[PDB]
Structures are given as structure tokens and as C-alpha cells.
Amino acid sequence: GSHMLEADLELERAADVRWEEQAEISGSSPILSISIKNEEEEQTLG
Amino acid sequence: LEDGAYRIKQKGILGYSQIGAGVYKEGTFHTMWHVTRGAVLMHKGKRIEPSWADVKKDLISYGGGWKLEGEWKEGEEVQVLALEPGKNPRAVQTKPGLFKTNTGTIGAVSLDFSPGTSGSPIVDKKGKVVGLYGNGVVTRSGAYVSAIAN
Ligand SMILES: [Cl-]
């Protein structure tokens, strides 16, 4: 076989695991993410 | 790796695609079997290997046994901390339901996010993870739901 990995699966940290108070108030809330990140670009790792 | 919720991205020639998500807790990364199928994961040049899986529950952990400790109880609301492809994280509060299946009766939330959200944590008011999004199961009524509890 090959000693190289079949697929490059990478992890990228995105959020703290916690209950979000704003979502309890309104039903839904964006989780402020970080500088403040205004948009997720899927194609780039971080 | 620090504790938290992560995206899982697969490289190809056009760049990364988000195939799912998971949770790092107490040294262990938790995600869905259907997402990685046991494949090795990388984080910032560090490899992590599969340690345990339950294909029937659609669960797999890397670098240790299952650490998630939340237990949902009927009537209680939870939050899906959704990491969808192309979107910043969003908390969505919802009340899971009980559904009948051939195997028994389960607690489940509606499949209201991208399939690429699979692995995102569903948390209780204590901030504990009661399950992960994206374990699609068929109910007796012929609905697909996202199972969290037996
Ligand atoms: Cl937990």
C-alpha cells in the first residue's frame, strides 16, 4: 500500500462549547467568533 | 488541541470542503462515524487516531474513550451549537422530541442544518454535550430525525 494518508482531513477550532444566553433569550444567536470574524470561508483552513 | 467545537475540513485541489464537525474534551475528539469513517485526523501538524467507535450510534472518538457527559431529559430545551459549511457558529435553542423507532424510543432534534454540520454539539443548560448533530435515524412515521438519546 501507501505510507501517505489517503485523505487530508484537518481540524479547525471554531467555538467554545457552552450554553449561549442570547440564544435562550431570542431562540437563535450568532456566536461571536475571532480580530472579530465576519464571515466563514470554507475553502481556507482558518 | 484545546477544548472546543471544531470544523472537519477535507483538502482537495479546489481547497477545503467542510465534511463535518466535532468536539474536543478531556484529550479526546468526538465526531460522527459517517463523517470520517475512521480516517486519521490532523490538527496543526499533529495526527490523532481513532480510539473507539459505535457504528450503530454513528459515533467515533479519537485519542480516548467517550467523554461527553450530558444526558437530556424529556421537556428540557437544548442548544445546537451549529457549525455549518460557510457560516460562523450559531446557537439555536430547540426542544427535542421523543420518537418511536423499531429499536425502541429515542430523543431527537429536527434535521434543520446542513448535513456538513454533522458532529456539532448539542448542549444542555449546564454546558454539557448531550449528543452530536447528524445521527440520522428513521422513525416509525417515516420521518428522518437527528437522534440524541435512547
Ligand atoms: Cl460534555
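Just so you know, these numbers use all the heavy atoms, side chains as well, and skip hydrogens, waters and symmetry mates. To find a chain, count down the sequence lines: A is the first, B the second, and so on, and within it residues start at 1.
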**Q** For the side chain of B:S146 and the backbone of B:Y133, is there at least one donor-acceptor N/O pair under 3.5 Å apart?
**A** no
**Q** Could you tell me whether the side chain of B:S110 and the main chain of B:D112 form a donor-acceptor pair under 3.5 Å?
**A** no
**Q** Under a single-linkage definition using a 4.5 Å side-chain heavy-atom cutoff for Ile, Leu, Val, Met, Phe, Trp and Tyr, are B:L98 and B:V78 assigned to the same hydrophobic cluster?
**A** yes
**Q** When you group the ILVMFWY residues by side-chain heavy-atom contacts below 4.5 Å and let the links chain together, are B:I19 and B:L41 in the same group?
**A** yes
**Q** Can you list everything that forms a ring-ring contact (aromatic ring centres under 6.0 Å, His included) with B:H43? Sequence neighbours excluded, please.
**A** B:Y6
**Q** Side chain of B:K25, backbone of B:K67: donor and acceptor closer than 3.5 Å?
**A** yes
**Q** Do other residues, nucleotides or ligands put more than 12 heavy atoms under 6.0 Å from B:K95 NZ?
**A** no
**Q** Does the side chain of B:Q79 reach to within under 4.5 Å of the side chain of A:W19, using non-hydrogen atoms?
**A** yes
**Q** Hey, does the side chain of B:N135 reach the backbone of B:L59 with a donor-acceptor pair shorter than 3.5 angstrom?
**A** no
**Q** Could you check if a side-chain atom of B:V92 sits within less than 4.5 angstrom of a side-chain atom of A:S29, using non-hydrogen atoms only?
**A** no
**Q** Examine distances only and state if a side-chain atom of B:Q18 and a backbone atom of A:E42 form a donor-acceptor pair shorter than 3.5 Å.
**A** no
**Q** Should the heavy atoms of other residues, nucleotides or ligands under 6.0 Å from NZ of B:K87 be counted, would the total exceed 12?
**A** no
**Q** Any non-hydrogen side-chain atom of B:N88 less than 4.5 Å from a side-chain atom of A:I31?
**A** no
**Q** Working note: B:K125 + B:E76, criterion salt bridge (charged side-chain N to carboxylate O under 4.0 Å, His left out); need CA distance, chi angles, decisive distance, verdict.
**A** CA-CA 9 Å; B:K125 272 199 184 187; B:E76 293 168 351; over 6 Å; no
**Q** Taking B:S120 for its side chain and B:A82 for its backbone only, find out whether a donor-acceptor pair lies under 3.5 Å.
**A** no
**Q** Could you check whether A:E41 and A:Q43, counting side-chain N and O atoms only, form a donor-acceptor pair closer than 3.5 Å?
**A** yes
**Q** Okay, side chain of A:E12, backbone of A:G46: is any donor-acceptor separation there less than 3.5 Å?
**A** yes
**Q** Are B:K11 and B:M42 side-chain neighbours, meaning at least one heavy-atom pair lies under 4.5 Å?
**A** no
**Q** Flag the pair A:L11 / B:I8 as yes when at least one side-chain heavy-atom distance between them is below 4.5 Å, and no otherwise.
**A** yes
**Q** Is it the case that one hydrophobic cluster holds both B:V80 and B:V130, taking links as side-chain heavy atoms less than 4.5 Å apart, direct or via other members?
**A** yes
**Q** For the side chain of A:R13 and the backbone of B:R7, is there at least one donor-acceptor N/O pair under 3.5 Å apart?
**A** no
